[PDB]
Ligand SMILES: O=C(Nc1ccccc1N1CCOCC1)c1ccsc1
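Taking the form solved without the named molecule, here's one chain by itself in structure tokens.
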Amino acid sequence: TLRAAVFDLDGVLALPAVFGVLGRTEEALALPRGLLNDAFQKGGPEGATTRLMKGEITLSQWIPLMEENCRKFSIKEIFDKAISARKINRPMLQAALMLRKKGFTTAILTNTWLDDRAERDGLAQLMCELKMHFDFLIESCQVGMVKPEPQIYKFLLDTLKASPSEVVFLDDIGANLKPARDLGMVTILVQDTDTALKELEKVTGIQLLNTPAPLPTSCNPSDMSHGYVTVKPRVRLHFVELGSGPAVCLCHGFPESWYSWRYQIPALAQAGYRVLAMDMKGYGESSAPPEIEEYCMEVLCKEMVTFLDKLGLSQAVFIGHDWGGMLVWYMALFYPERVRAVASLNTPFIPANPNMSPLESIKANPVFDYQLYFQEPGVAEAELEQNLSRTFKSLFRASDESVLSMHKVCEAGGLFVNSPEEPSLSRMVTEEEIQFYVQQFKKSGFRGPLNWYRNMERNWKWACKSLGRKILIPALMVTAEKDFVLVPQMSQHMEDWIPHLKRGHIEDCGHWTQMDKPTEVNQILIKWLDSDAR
């Protein structure tokens, strides 16, 4: 009965195999067949390559020793190109992910080297992306043992804490499968991926080939780097941070969390960006002062500028959703020198109407009735804090799962009045994800978050100062077909204010854009970032 899956790297999790380049070179340079591949293995267990793979010497030390073996054109150049060309075998990783998702312990067991080349980062990035999807990574150069030595196999089993018969082992080198087979492990010789995966699904009884497109990698809160900046005496801001490159500040909506970006954080970091996923003021681990004035856009934006000041960041690209999207447009209007680029999901840019009170403007739209219900301090807090699991389960649902009516909320005297006490779990979320939001809202409740709605006049007066301005920095507006509150048509006039505005549109997408359509959100954001945010 299988419970562990082991994969080789070269020719298995990463393709094309670096081993099959010596032969490729021979053919291209019309060299005697197997000349380079023979130099590579010269001396066998006593040879330079075994010393390299055991970690006795580094790759830069091995390069000249290989050159001496070849003289039975550059070895460095051949290997630099082979390593650069080698990329993740996505269907193999998909299978490993599905196996781990089903309860399997997974490991990469690889014959590798200590890379000290000037271009070592490329491989470092590859190992990083790959390894975080596995329980263990066993490298020959770190353990001082190599496949096919039987000791590395006993080391693998001790690491897995599993009997050989519980382990499936995948490798492209037949000689490296033999010791695992001899111990009683299920083995798979990997030539083409499809066949290897058919063999894998046959032995495990788990569908691995032709399966639906998986969701992007999410975040485990306990595995993130958590950051804290005090922006003023009584206010600290919490954020989750991942990746390197240009800073990308993610701003959630109401009533959310940094975790609402769980599907974007790993994808944007992988894309070459330094992601800072905020807990906005009033939320999660960030401070939640009680005063209403603490949540007007002018103060919220000033604190986000201080946040950048304290971190030593001259700029960040600002990406917001819902109330976070509203904040990012004001960041672009009032602090363009600090905003590298601005993007909003669902939230359109609507200039203040100087000839109408914001209270009047909100009364004009029937979908915005819930906002008037939110005005009186304590009323909405009571209903939203009564049962947290019910609040999040009722709120976080796809366009076709609605249990809420946001019309005549005041008249009915509640957001959840003719809504169930025990809502069914939406297909967008797990019970554990709901419980994360529940645990977060137990710290400060809904006062700070609802205070974001209690500054209409204050925000209106501040916004009026920007009525003569235009947004001329790079900007992206992403609309969601099925958001019935922040409707796509509400954004129709944006290019009058943002002439160079770029757009994205997500069909069959509700309000909770990031979790409703994670793959498409990531595709739109990464594409825009690489073209407009450097």
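All residue numbers refer to positions in the sequence shown, first residue = 1. Take the two forms, superpose them, and find the largest set of C-alpha atoms that agree within 1.5 Å; that set is the rigid core.
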- [ ] Could you check whether 395-403 or 324-332 drifts more from the shown form in 9 other deposited structures of this protein, using RMS Cα distance once the core is superposed?
- [x] 395-403
TODO: Check the residues of the deposited sequence separating residue 72 from residue 73 and report how many of them have no coordinates, as none, 1 to 3, 4 to 9, or 10 or more.
DONE: 10 or more
- [ ] Can you let me know which of the two, 358-366 or 191-199, has the higher average C-alpha B-factor in the entry?
- [x] 358-366
- [ ] Taking the mean of the C-alpha B-factors per stretch from the entry, tell me the winner out of 280-288 and 133-141.
- [x] 133-141
- [ ] Please pick out which of 204, 391, 112, 94 has the largest Cα B-factor as recorded in the entry.
- [x] 204
Open item on the list: Just to confirm, going by the entry's C-alpha B-factors, which of 313, 126, 332, 417 comes out highest?
Closed with: 417
Open item on the list: Looking at the temperature factor on the CA atom of residue 77, which third of the chain's modelled residues does it land in?
Closed with: highest
TODO: Ordered by C-alpha B-factor within the chain, which third holds residue 36? Give me lowest, middle or highest, please.
DONE: highest
Open item on the list: Which third, lowest, middle or highest, does the C-alpha temperature factor of residue 529 belong to within its own chain?
Closed with: lowest
TODO: Grab the CA temperature factor for residue 48 from the record and place it in the lowest, middle or highest third of its chain.
DONE: highest
Task: residue 498 - Cα temperature factor, lowest/middle/highest third of chain - done: middle
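Another form, the form deposited with the named molecule bound, is not on view; read the next lines as being about it.
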Task: Heavy atom contact within 4.5 Å of the named molecule in the deposited bound form, the stretch among 432-440, 191-199, 321-329, 215-223 - done: 321-329
Open item on the list: Since only the chain is shown here, I'm wondering whether residue 453 would be in contact with the named molecule in the deposited bound form (any heavy atom pair within 4.5 Å).
Closed with: yes
Task: Contact of residue 235 with the named molecule in the deposited bound form (heavy atom, 4.5 Å) - done: no
Task: 4.5 Å heavy atom contact, residue 297 to the named molecule in the deposited bound form - done: yes
Task: 4.5 Å heavy atom contact, residue 105 and the named molecule in the deposited bound form - done: no
TODO: Given the named molecule in the deposited bound form, answer whether the residues 4, 168 and 177 all have a heavy atom inside 4.5 Å of it.
DONE: no
Task: Listed residue (459, 187, 287, 260) with a non-hydrogen atom within 4.5 angstroms of the named molecule in the deposited bound form - done: 459
- [ ] Identify which of 183, 313, 362, 157 has a heavy atom within 4.5 Å of the named molecule in the deposited bound form; exactly one of them does.
- [x] 362
Task: Residues in 42-62 close to the named molecule in the deposited bound form, defined by a heavy atom within 4.5 Å, in order - done: none
